[PDB]
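Chains as they are written, first to last, in UniProt numbering: chain U, 16 to 36; chain G, 16 to 36; chain F, 16 to 36; chain D, 537 to 782; chain Y, 537 to 782; chain A, 424 to 536; chain B, 311 to 536; chain S, 111 to 310; chain L, 111 to 310.
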């Protein structure tokens, strides 16, 4: 939901958000 | 018609425009 | 530890940091 | 009769050799023509305070002696997306404005519209109040500063939000059950939504609204109105031009 | 009874043909709705000097007549990440500020909070002092200048730092062993942390805090409060709108 | 349980002015609910419009504002085993979104009214 | 890690027709299916598959009477800026562009009664000192003989003849890319009728279509009205 | 010759009605015949008889009228034949077109009337589905039009998508008498929605 | 339980009409709901509510009414459900029958009324397709009737083949209030003939 740039992952998934266990 | 950049799809086709059903 | 951009290697590993022997 | 050439018989016509393509009809393409910024409208900013009204984005029934006006009137039904460029041009001394934030709010077709200043910002005694509907939220709010701004503008894309599958540029009927001269070539929601420009500048300058219509589709061609007057019988109109005999 | 149509028998209902999809329920998606900037809060800057207090980021128990306020109150437990946009709007003359650095410090849920000016900068006689907890270090410090700034803002993303696996928007119990009217719908750490805005401006202007909630998850739906009053029996509410009969 | 009544529920499309009696409305889409057959009755108000979506926020009647009326009439008055004990009965009315229901275009809250 | 970037001098400028889109702020809107008949994608197609009537002295036709001969009944210079092409679709569509290429198709429809007959000579006269005044003069040129009473309608193609690959839409004092000559229609014979008191004149409607090789390029903005 | 306006009619039910749709068979939506008016020598080029379909003549469309009258929405096409009664000594020509969303009508909305078209309109009316009615060659025009509108169906009380324009291009000359203009209209693939109350 | 009167309905067109027959679909000839009247304690056995179908209520049959009104002949059956609203302390019983060519009506022809049946008639009304409505056991009667008449079709203005008779066999006793009698009528397999003129 609401992130549509190809550049949304300019920063790794673990740096950009939290991570579920 | 009139979009000629390689970067015209910097945002996904569903974010940039509307989508026909 | 703490470098999470895809662009962290915009400069080569030997220019950006030191190198261990 | 006889068809092709040089015997001069009744009904006979001479040979014609059609020309080869060159330009490929690219320029007469409907969506190509409409995907560019057009200076349609110019508008005033509202003060941060009070109960302002929203401006509806409806470029359809225009009379303006401009290329987008006639062009949009060439079809019966229209569909396209939208892009905007809002600029701001001073009408007073540029040094009147030391900060000049401008809040822009866009509303989809059907959005509620009553606003009154309601969001207070506080700082060192003095305070600033902005509209209930200028705040950033559900629909897009854009905020740009005019002061040092190298372009005193903003711009963004927005989609087709109408409930109609197509916008009727012409409508032989009424948009409301009560048939008032008003609701005649009408139909509610035959537009792109509305915007609200709000700022402490408001006096000091105005805007410049440009529309771009990506993904345009036109249906049922209609007559195209002249643009110039009719020259005298058997003559030609003569216009100033790049070419012209020096 | 009988089920489908046109015999008019007791319990019998007529045929209905369900409509085809179109919009795909994309807009009623919980995380889609919350992943946008909302103008929640407005706040004052603290002076560089003294013993300021931190502002806790808790958008949960709101009454604000704004779309994020009710929406956040639609579930019992909530989880999401966070993004902030901090802006700064003058409430005096923009020329009062010739430099105007603003130090922003964000604190994770549970962080110690006592600060007093303690870091001295020295230069040509005069000196400048900043807070113990405004300095760049363990937790994020952002420094932006307001003076010539084309946007007088900053912005960054921060994660969910609470110790609770989920934030209780409603809590039938007390957050402390002493059951004081205070700790009632409480639970410590049911928030996003806290920030500290500090600057030589402080008077001169205020801020504008916008929250964006990426990765939102809601649990156990709850009733949604009305927003408008009840119109008269058998009538309809009538609101100003884009559409409306001219 | 000692009480019984019959209802006629009608969906009346947009019109000059809404029926005042049931003999008038019964020309429309309607269903006969005999309590004492089923104590609960579901009725679907359909979507009928030339537009693909209608407005959430209504106002003075427009072609995309209102879709008509939902009315419930008493086909028979309440009968009871003893009118002194049970003279009236209440019908609770609940609403759900239909299977084809949908909402689009998130909007910000306007001034209260 | 920060990327070395150099800001071009034309930096913060506007440029109205950039081949690129602005940033989207209201995503994911699926639009309803738009069935609806008669969609058109290129204006040149409707210009070619459609005809408009010319404006000969304000009427969509010229007349032949039982007294005619010599003189031209219809004359128009080959330029989209011509007067008789005034109310037409092709002429009006053209004002959106700077240049055109190709032929124009004219078709004359004789609407005189069935008891009426006449013959026309239609000629395409190339650029010249001054336009012929009588038909014996024009008949040396490309021409066709239309005998009504053989076909009530007649199509004539005005060709494209020029050293330039395109000519100007907006004409002016005669230049080599302004005008392509004249289209004239003469009466080979005057109108004959079964009773001259009942039918003394007959009207020929004249319609224009874009030819098969017709094209328009260079979209242009509208200048001051005139 | 038959001219199809934009496309052939379809019997597909409206995408936007989840309530029962009634398909009127041919024997129910029948066919009606009207005299449009009389074309005189005095009337000049540009003059047009404007016939929105139907709305001022719905009350004379017997069967179809009764059914339509009792329902809220209707989707349907039309099959029209316009004729003219002239001798072989009459000269003149009309252009009869089928126009979607025609408007000018100074809100004499949905009433068959007469007006004077504005030049660029009579010159270019041929841009809409039409047929020329030249008095030296033919006496009829036959147009078949599909349902058309901004949405999948409409309320004929408030909207008339199609309107037939019979326009004078070449004035009537020849014998002194007028030429009557005639028209047959037949609703096609009519579909009706939501029944209205009883008229008490 | 459903009782078929004499036989099940058919959709066969009338053998005696060589003109186009229009089959009204279910969504056109819909269904209508009426309150027949109120059964009181004072009324005695033999009293009957006579409901010829339809003729005094045709004007309240919305859609069906509009179509039938515009045509000369009609062939059609009916699906009726008569109900009663009584408590479990009410005693009494009715006999609701479907009678072909019912007559007595003292020429209050084709009007729903009330009369006193003559004994041998109430005793033997059960000889016609019917159902008993005993207040201690049930609350409804469901009868489905085929088209019937001396010829293959009729003119509903002049003839009502079927008439529903709701007759009191055992008087109402128990709680003082009355028992309302209710009825749903739905035209079935309706076929219509020869369209009539416009009503000017």
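All C-beta atoms in this analysis are idealised placements derived from N, C-alpha and C, irrespective of residue type, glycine included.
For residue 446 of chain B, count neighbouring Cβ atoms within 10 angstroms of its own Cβ and tell me buried if that reaches 16, exposed if not. Position 136 of the seventh chain, counting from 1, holds the residue named residue 446 of chain B. The residue is exposed, with fewer than 16 neighbouring Cβ atoms inside 10 Å.
Buried versus exposed, by CB contacts within 10 Å (16 or more), residue 260 of chain L: Position 150 of the ninth chain holds residue 260 of chain L. It is exposed - the Cβ of residue 260 of chain L has fewer than 16 other Cβ atoms within 10 Å.
Exposed or buried, what is residue 528 of chain A when buried is set at 16 or more other beta-carbons lying within 10 Å of its beta-carbon? In the sixth chain, the residue the question calls residue 528 of chain A occupies position 105. With 16 or more Cβ atoms within 10 Å of its Cβ, residue 528 of chain A is classed as buried.
Please classify residue 299 of chain L: is it buried, with 16 or more other beta-carbons within 10 angstroms of its beta-carbon, or exposed? Along the ninth chain, read from residue 1 onward, the residue named residue 299 of chain L stands at position 189. Buried.
Along the beta strand (DSSP E) that carries residue 208 of chain L, what are the first and last residues, could you check? Within the ninth chain, numbered from 1, the residue matching residue 208 of chain L stands at position 98. Per DSSP, residue 208 of chain L belongs to the beta strand (DSSP E) from 201-210.
Which bits of chain S does residue 369 of chain B rub up against, with CB to CB less than 7 Å? Working through the seventh chain from its first residue, we reach residue 369 of chain B at position 59. Those within 7 Å of residue 369 of chain B in chain S are 155.
Classify residue 771 of chain Y as helix, strand or coil using the three-state DSSP reduction. For the purposes of this step, residue 771 of chain Y is identified with residue 235 of the fifth chain, where counting begins at 1. Assigned with DSSP and collapsed to three states, residue 771 of chain Y falls in coil, not helix or strand.
Run through DSSP, which three-state label would residue 613 of chain Y get? Walking along the fifth chain from the start, residue 613 of chain Y turns up at place 77. The three-state reading of DSSP puts residue 613 of chain Y in strand, counting E and B together.
Closer than 7 Å at the beta carbon, the chain B residues around residue 284 of chain S: Counting from one through the eighth chain, the residue named residue 284 of chain S turns up at place 174. Those are 423, 508 and 509, listed as they occur along chain B.
From residue 514 of chain B to residue 504 of chain B, what does the alpha carbon distance come to, in whole angstroms? Your numbering for residue 514 of chain B matches position 204 in the seventh chain. Your numbering for residue 504 of chain B matches position 194 in the seventh chain. Residue 514 of chain B and residue 504 of chain B have their alpha carbons spaced roughly 19 Å apart.
Using alpha carbons as the reference points, say which of D/615, D/558 and D/727 lies closest to residue 646 of chain D. By 1-based counting over the fourth chain, the position of residue 646 of chain D is 110. Considering only D/615, D/558 and D/727, the residue with the shortest C-alpha distance to residue 646 of chain D is D/727.
Which class does residue 321 of chain B belong to by DSSP, given the choice of helix, strand or coil? Taking the first residue of the seventh chain as position 1, residue 321 of chain B is located at position 11. Residue 321 of chain B falls in the coil class under three-state DSSP.
Beta-carbon gap between residue 621 of chain Y and residue 689 of chain Y smaller than 8 Å: On the fifth chain, residue 621 of chain Y is found 85 positions in, with the first residue counted as 1. On the fifth chain, residue 689 of chain Y is found 153 positions in, with the first residue counted as 1. Their beta carbons are under 8 Å apart, which means residue 621 of chain Y touches residue 689 of chain Y by this criterion.
Beta-carbon gap between residue 137 of chain L and residue 262 of chain S smaller than 8 Å: One-based indexing of the ninth chain puts residue 137 of chain L at position 27. One-based indexing of the eighth chain puts residue 262 of chain S at position 152. Their beta carbons are not under 8 Å apart, which means residue 137 of chain L does not touch residue 262 of chain S by this criterion.
Could you tell me which chain Y residues have their CB closer than 8 Å to the CB of residue 485 of chain A, listed as they occur along the chain? Your numbering for residue 485 of chain A matches position 62 in the sixth chain. Neighbours of residue 485 of chain A on chain Y, chain order: 779, 780 and 781.
Check each residue of the stretch 547-565 of chain Y: if its Cβ is closer than 7 Å to any Cβ of chain S, include it; give the result in chain order. The stretch 547-565 of chain Y vs chain S, Cβ under 7 Å: 550, 551, 552, 553, 554, 555 and 556.
How many Å lie between residue 155 of chain S and residue 133 of chain L at the Cα? Here residue 155 of chain S refers to the residue found at position 45 of the eighth chain. Here residue 133 of chain L refers to the residue found at position 23 of the ninth chain. One C-alpha to the other measures close to 48 Å.
Using the three-state DSSP reduction, which class does residue 258 of chain S fall into: helix, strand or coil? Counted from its first residue, the eighth chain places residue 258 of chain S at position 148. Assignment of residue 258 of chain S by DSSP, reduced to helix, strand and coil, places it in the coil class.
Could you check whether residue 270 of chain L and residue 162 of chain L sit closer than 8 Å to each other, using their CB atoms as the reference points? As a working note, residue 162 of chain L is residue 52 in the ninth chain. As a working note, residue 270 of chain L is residue 160 in the ninth chain. Yes, these two residues count as a Cβ contact at 8 Å.
Residues of the stretch 116-131 of chain S in Cβ contact with chain Y at a cutoff of 9 Å, in chain order, please. Within the stretch 116-131 of chain S, the residues whose Cβ lies closer than 9 Å to some Cβ of chain Y are 123, 125, 126, 127, 128, 129, 130 and 131, listed in chain order.
Beta-carbon of residue 340 of chain B versus every beta-carbon of chain Y: anything under 8 Å? As a first step, residue 340 of chain B is located in the seventh chain; it is residue number 30 there, counting from the start. For residue 340 of chain B, the answer is yes, since a Cβ of chain Y falls inside 8 Å of its Cβ.
Which of the three DSSP states, helix, strand or coil, is assigned to residue 179 of chain L? In the ninth chain, the residue the question calls residue 179 of chain L occupies position 69. In the three-state scheme derived from DSSP, where H, G and I count as helix and E and B as strand, residue 179 of chain L is classed as helix.
Taking Cβ-Cβ distances shorter than 9 Å, what residues in chain Y pair up with residue 719 of chain D? Indexing the fourth chain from 1 puts residue 719 of chain D at position 183. Result: 781 and 782.
Cα-Cα, which of L/175, L/149 and L/135 is closest to residue 278 of chain L? Residue mapping note: residue 278 of chain L aligns to position 168 of the ninth chain, counting from 1. L/149 is the residue among L/175, L/149 and L/135 whose C-alpha sits nearest the C-alpha of residue 278 of chain L.
Go ahead and label residue 368 of chain B buried or exposed: buried means 16 or more other beta carbons lie within 10 angstroms of its beta carbon, across all protein chains shown. Walking along the seventh chain from the start, residue 368 of chain B turns up at place 58. Residue 368 of chain B should be labelled exposed.
Which residues does DSSP pair with residue 217 of chain L in a beta bridge? Translated into the one-based positions of the ninth chain, residue 217 of chain L becomes position 107. Note: residue 217 of chain L sits in no beta bridge, so no partner.
Beta-bridge pairing of residue 133 of chain S - partner residues as DSSP gives them: Translated into the one-based positions of the eighth chain, residue 133 of chain S becomes position 23. According to DSSP, which records beta bridges pairwise, residue 133 of chain S is partnered with S/301.
Taking only beta-carbon positions, decide if residue 536 of chain A is within less than 8 Å of chain Y. As a working note, residue 536 of chain A is residue 113 in the sixth chain. True, the Cβ-Cβ gap to chain Y drops below 8 Å.
At which residues does the alpha helix (DSSP H) containing residue 517 of chain B begin and terminate? Translated into positions along the seventh chain, residue 517 of chain B becomes position 207. Careful: residue 517 of chain B lies outside any alpha helix (DSSP H), inside the beta strand (DSSP E) at 511-520.
Are the CB atoms of residue 179 of chain L and residue 499 of chain A within a distance shorter than 8 Å? Translated into positions along the sixth chain, residue 499 of chain A becomes position 76. Translated into positions along the ninth chain, residue 179 of chain L becomes position 69. Taking 8 Å as the cut-off, the Cβ atoms of residue 499 of chain A and residue 179 of chain L do not count as close.
Nearest candidate by alpha-carbon position, reference residue 696 of chain D, set B/312, B/334 and B/319: Numbered from 1 along the fourth chain, position 160 holds the residue referred to as residue 696 of chain D. Cα-wise, what sits closest to residue 696 of chain D is B/334.
Got a sec, what are the start and stop residues for the alpha helix (DSSP H) residue 479 of chain D sits in? Summary: the structure shown does not reach residue 479 of chain D, with chain D confined to residues 537 through 782, and so no result is reported for it.
Taking only three categories from DSSP, how would you classify residue 505 of chain B? Taking the first residue of the seventh chain as position 1, residue 505 of chain B is located at position 195. Residue 505 of chain B: coil per DSSP, three-state reduction.
When DSSP builds the beta bridges, which residues end up paired with residue 162 of chain S? Here residue 162 of chain S refers to the residue found at position 52 of the eighth chain. For residue 162 of chain S, which the question treats as bridged, DSSP gives the partners S/273.
Pick from Y/643, Y/698, Y/700 and Y/560 that is closest to residue 672 of chain Y, judged by C-alpha positions: Working through the fifth chain from its first residue, we reach residue 672 of chain Y at position 136. The shortest Cα separation from residue 672 of chain Y among Y/643, Y/698, Y/700 and Y/560 belongs to Y/643.
Considering only the beta carbon of each residue, do residue 303 of chain L and residue 200 of chain L sit closer than 8 Å? For the purposes of this step, residue 303 of chain L is taken as residue 193 along the ninth chain, with counting starting at 1. For the purposes of this step, residue 200 of chain L is taken as residue 90 along the ninth chain, with counting starting at 1. Pairing residue 303 of chain L with residue 200 of chain L gives a Cβ-Cβ distance that is not under 8 Å.
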